[PDB]
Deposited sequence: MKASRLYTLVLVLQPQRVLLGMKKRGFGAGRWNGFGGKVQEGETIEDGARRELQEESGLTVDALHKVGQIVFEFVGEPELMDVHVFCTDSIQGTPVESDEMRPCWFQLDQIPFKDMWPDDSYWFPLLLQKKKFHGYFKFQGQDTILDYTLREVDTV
């Protein structure tokens, strides 16, 4: 089995809307996150990436899922720890690399999100926790995947 590198993904989910970020430099909407750094907990890495990438701070996050991504032709797996929060501080900030935008929860832009999000983000919305795995050929094609609702992440 390949080695895996730790990542975070943060969904700011309010009762009627979700905040996503568009990659500018591209075209795909995603939650906020990035690589976990040496010596920080995964949750602290998620908080740090949210602040670095969007400007938002949060006191805490709730872990809702974990998804492992495999890409054909790449040696490492991405082990993505997925967090949610409903409570924010500040306004999101656009950078050279990311543009944040709110979407109503009847306008989730699935066609412009990673394809896997169509499978797990419905579970997140139902207050469910999940473990997933997706194997991609390039950015658009899933060759294999597993998804399971779990009681504990």
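Visitor: Could you name the stretches of the deposited sequence that have no C-alpha atoms in this structure?
Guide: Residues missing from the model, as numbered along the full deposited sequence, span only 26 to 28.
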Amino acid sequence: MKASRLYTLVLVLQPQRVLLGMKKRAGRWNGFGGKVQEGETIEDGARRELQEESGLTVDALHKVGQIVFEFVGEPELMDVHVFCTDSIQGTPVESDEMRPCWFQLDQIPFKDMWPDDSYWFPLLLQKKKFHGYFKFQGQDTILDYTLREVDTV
From here on, numbers count along this sequence of modelled residues.
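Only the largest set of C-alpha atoms that superpose within 1.5 Å between the two forms is called the rigid core.
Visitor: Superpose on the core, then say which of 101 to 109 and 36 to 44 ends up with the larger RMS Cα offset from this form in 6 other deposited structures of this protein.
Guide: Between the two stretches, 36 to 44 moves farther in 6 other deposited structures of this protein.
Visitor: Would you tell me which stretch averages the higher CA B-factor in the PDB entry, 47 to 55 or 112 to 120?
Guide: The entry gives the higher C-alpha B-factor average to 47 to 55.
Visitor: Could you check which stretch, 92 to 100 or 63 to 71, carries the larger mean CA temperature factor in the entry?
Guide: Taking the mean B-factor of the alpha carbons in each, 92 to 100 is higher.
Visitor: Given 147, 3, 153, 6, identify the residue with the highest C-alpha B factor in the PDB entry.
Guide: Out of 147, 3, 153, 6, the record gives the largest C-alpha B-factor to 153.
Visitor: Give the position of residue 14 by CA B-factor within its chain, expressed as the lowest, middle or highest third.
Guide: Tercile = middle for this residue's CA B-factor.
Visitor: Relative to the other modelled residues in the chain, which third contains the C-alpha temperature factor of residue 137: lowest, middle or highest?
Guide: For residue 137, the deposited C-alpha B-factor lands in the lowest third.
Visitor: Split into thirds by Cα B-factor across the chain's modelled residues, where does residue 25 land: lowest, middle or highest?
Guide: Highest third - that is where residue 25 ends up once the chain's C-alpha B-factors are sorted.
Visitor: Ordered by C-alpha B-factor within the chain, which third holds residue 106? Give me lowest, middle or highest, please.
Guide: Lowest third.
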